[PDB]
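Asker: Here you go, one structure.
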Ligand SMILES: Nc1ncnc2c1ncn2[C@@H]1O[C@H](CSCC[C@H](N)C(=O)O)[C@@H](O)[C@H]1O
Ligand SMILES: O=c1[nH]cnc2c(O)cc(-c3ccc(F)cc3)c(-c3ccc(F)cc3)c12
Ligand SMILES: [Cl-]
Ligand SMILES: [Mg+2]
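Residue numbers (the deposited numbering): 3 to 215.
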């Protein structure tokens with residue numbers, strides 16, 4: 003088995019079905035005590051929770067699902083009827099994520115899409131019936147942050163006030179994306195310093211609020 007399967011089995015055996023908080027706690031315990039993994043983690047996850055609660059988004063897009071940690075974290079705070087779409091290129095991870103969300107009781111709130119973000123984003127409107135997005139969580143691969151931001155704009159998926167929240171802008175770092183949003187009048191940007199998941203290493207999140215064309 004893989005590390006990702008081990009994390010899923012740990013949750014299934016150490017959390018309560020239907021209890022998203024217990025799922026997060028189990029993942030964080032496994033990843034602290036047994037095997038590190040690239041979940042957003044609790045430190046940065048607390049900042050994400052504060053953002054989600056501020057904005058109460060009705061439609062969230064996540065780029066990069068992995069094992070479902072961030073999807074559980076965000077979906078547990080959504081209001082009735084609000085929805086998360088998450089894109090994941092790795093089919094094994096997509097299957098873990100679906101199972102993780104089912105265990106957590108959040109499957110009615112989330113649609114896990116299996117493919118590359120750059121291929122799926124242009125299909126959101128016609129195929130997935132999206133008008134505009136309220137929030138985007140960027141957490142897939144550093145070199146895709148800038149091109150997929152520009153693609154979201156091209157496709158008419160951002161509106162005035164859409165919140166982009168980007169992980170890992172310090173480690174590994176996303177210098178092109180940061181330079182771009184911080185220099186563009188189309189974004190209002192805030193940096194939230196924190197720590198790399200499970201590590202005493204500085205990292206951070208960037209919030210970039212779209213201001214229209
Ligand atoms: N272009 C792309 N489109 C979709 N998923 C991608 C991608 N490039 C990488 N990924 C996926 O992005 C994930 C990064 S890890 C995601 C962690 C998750 N947000 C959490 O915090 O729990 C991996 O599972 C990887 O397969
Ligand atoms: O790619 C990532 N996507 C989404 N979130 C990630 C994250 O939160 C952390 C890391 C990360 C891994 C190892 C490390 F020492 C420091 C940071 C990565 C990542 C970076 C470079 C890599 F080569 C492979 C993984 C990702
Ligand atoms: Cl952490
Ligand atoms: Mg990350």
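The beta carbon of each residue, even a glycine, is placed where N, CA and C say it ideally should be.
Put residue 209 into one of helix, strand or coil per three-state DSSP.
Answerer: Within the chain shown, numbered from 1, the residue matching residue 209 stands at position 207. DSSP places residue 209 in the strand class (E or B) of the three-state scheme.
Asker: Apply the 10 Å Cβ neighbour rule to residue 260 and answer buried if 16 or more other Cβ atoms are within range, or exposed otherwise.
Answerer: Here the chain comprises residues numbered 3 to 215, so residue 260 is not present and cannot be evaluated.
Asker: Report whether the distance from the Cβ of residue 83 to the nearest heavy atom of ligand 5 is below 7 Å.
Answerer: The ligand content of the structure shown is limited to ligand 1, ligand 2, ligand 3 and ligand 4, which means ligand 5 is not among them.
Asker: Check whether the Cβ atoms of residue 135 and residue 63 sit closer than 8 Å, and answer yes or no.
Answerer: On the chain shown, position 133 is the one that residue 135 refers to. On the chain shown, position 61 is the one that residue 63 refers to. Cβ distance < 8 Å, so residue 135 and residue 63 count as in contact.
Asker: Would you kindly report the start and end of the unbroken beta strand (DSSP E) that includes residue 89?
Answerer: As a position in the chain shown, residue 89 is number 87, starting the count at 1. Per DSSP, residue 89 belongs to the beta strand (DSSP E) from 85-90.
Asker: Grouping DSSP H, G and I as helix and E and B as strand, with all else coil, what is residue 265?
Answerer: Because the chain here runs from 3 to 215, residue 265 falls outside it and cannot be looked at.
Asker: Using the beta-carbon count (16 or more within 10 Å), is residue 141 buried or exposed?
Answerer: For the purposes of this step, residue 141 is taken as the residue at position 139 of the chain shown. Taking every protein chain shown into account, the CB of residue 141 has 16 or more other CB atoms within 10 angstroms, so this residue is buried.
Asker: Is the beta carbon of residue 44 within less than 7 Å of some heavy atom of ligand 3?
Answerer: Reading the chain shown from its first residue, position 42 is the one you call residue 44. True, at least one ligand heavy atom lies under 7 Å from that Cβ.
Asker: Would the beta-carbon of residue 20 fall within 8 Å of that of residue 77?
Answerer: As a working mapping, residue 20 is identified with position 18 in the chain shown. As a working mapping, residue 77 is identified with position 75 in the chain shown. Against a cut-off of 8 Å, the Cβ pair of residue 77 and residue 20 comes out as no contact.
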